[PDB]
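Written below as structure tokens is the structure these notes are about.
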Amino acid sequence: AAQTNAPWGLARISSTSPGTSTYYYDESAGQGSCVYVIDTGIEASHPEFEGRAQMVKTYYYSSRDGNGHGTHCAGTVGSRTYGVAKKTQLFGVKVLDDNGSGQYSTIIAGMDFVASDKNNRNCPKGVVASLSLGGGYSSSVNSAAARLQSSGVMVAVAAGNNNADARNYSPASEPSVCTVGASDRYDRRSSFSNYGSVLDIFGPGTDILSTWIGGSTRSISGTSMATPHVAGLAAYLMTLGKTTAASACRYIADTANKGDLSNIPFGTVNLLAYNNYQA
Ligand SMILES: [Ca+2]
Ligand SMILES: [Ca+2]
């Protein structure tokens with residue numbers, strides 16, 4: 001299948017070179033997989049989700065996304081126009097408030113919730129969790145992320161936006177999950193993107209168009225935007241049977257575009273998410 005005039009990020013992950021505008025993907029499009037978006041919530045009623053999104057848990061007074069951030073990330077995972085895996089099922093877990101903030105205890109609870117809740121869902125092709133959040137180092141947060149991964153969920157987390165080594169941030173610094181840096185449309189490391197040896201992979205993160213609350217769209221930038229590209233790609237590859245939750249991060253790195261990015265510090269991987277599609 002081919003989506004013409006796609007957002008640049010979608011086009012980039014189906015090409016060996018920058019500057020193309022078509023997103024090429026297999027029609028299966030992540031059908032039968034499930035992705036938990038652990039964030040500010042999801043505006044499930046947005047037409048772009050086509051009924052494939054639902055809120056399953058909130059830690060605040062409402063389950064509504066009053067911020068927009070969660071809806072944007074979910075859109076990059078699996079909206080019709082802006083998503084990587086256009087037929088995946090989306091589950092929202094609201095651990096962040098409408099200002100985009102949350103306590104580590106609540107974030108941990110949200111991760112343990114997903115590890116349990118997945119056992120109650122029909123996700124025959126597998127389960128992914130996308131975490132576009134983080135803060136300073138915390139061994140308890142890292143431990144929660146490791147548990148979620150261990151339970152059989154492909155965990156993707158943002159590297160963070162401090163232009164620093166991700167080793168000092170959580171859950172970014174947990175080695176067992178898939179830590180995602182950001183790049184821009186000219187194959188440069190995004191100027192804000194964290195780096196370091198703990199990074200596994202880069203995805204598009206600068207100027208990413210996706211869904212927003214109030215049934216709208218907007219373009220924003222962050223490692224928050226790169227993470228759902230990788231989460232969506234994992235769901236997509238798991239549906240095709242190419243990999244499993246336990247090894248998807250490794251498989252994505254193995255099959256990535258190598259050496260394409262500029263402004264990568266020595267010791268950081270030069271690997272850009274790529275779906276290897278051939279018609
Ligand atoms: Ca290339
Ligand atoms: Ca890792």
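FYI, the numbering just counts along the sequence from 1. The analysis underlying the following values was restricted to heavy atoms, covering all of them including side chains, and did not include hydrogens, waters or symmetry mates. Start at 1 and go down the list; that is how both ligands and their atoms are numbered.
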Exercise for the section: Mind reading off the angle at the Ca ion (ligand 1) between the O atom of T16 and the OD2 atom of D260, rounded to 10°? Expected result: 80°
Exercise for the section: Compute both the distance and the angle, then confirm whether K242 meets the cation-pi test with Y251: under 6.0 Å from the six-membered ring centre, within 45 degrees of the axis. Expected result: no
Practice task
Could you tell me whether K57 and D117 make a salt bridge, using a distance below 4.0 angstrom between a side-chain N and a carboxylate O?
Solution key: no
Practice task
Look at the N, O or S atoms of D200, main chain and side chain alike, and state whether any lies under 3.0 Å from the Ca ion (ligand 2).
Solution key: yes
Practice task
Indicate if the distance from the Ca ion (ligand 2) to the nearest N, O or S atom of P175 falls below 3.0 Å.
Solution key: yes
Handout entry: Heteroatom test (N, O or S) for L199 near the Ca ion (ligand 2), limit 3.0 Å
Key = no
Handout entry: Presence of N, O or S from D187 under 3.0 Å of the Ca ion (ligand 1)
Key = no
Exercise for the section: Would you tell me whether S143 and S140 have side-chain atoms, one donor and one acceptor, within less than 3.5 Å of each other? Expected result: no
Practice task
Examine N257 and say whether one of its N/O/S atoms is closer to the Ca ion (ligand 1) than 3.0 Å.
Solution key: no
Practice task
Begin from the C-alpha positions of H72 and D39 and carry the test side-chain contact (heavy atoms from CB on, under 4.5 Å) through to its verdict.
Solution key: CA-CA 10 Å; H72 198 270; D39 211 290; over 6 Å; no
Practice task
Step through it carefully: locate the ring centre of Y36, locate the ring centre of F91, and say whether they are under 6.0 Å apart.
Solution key: yes
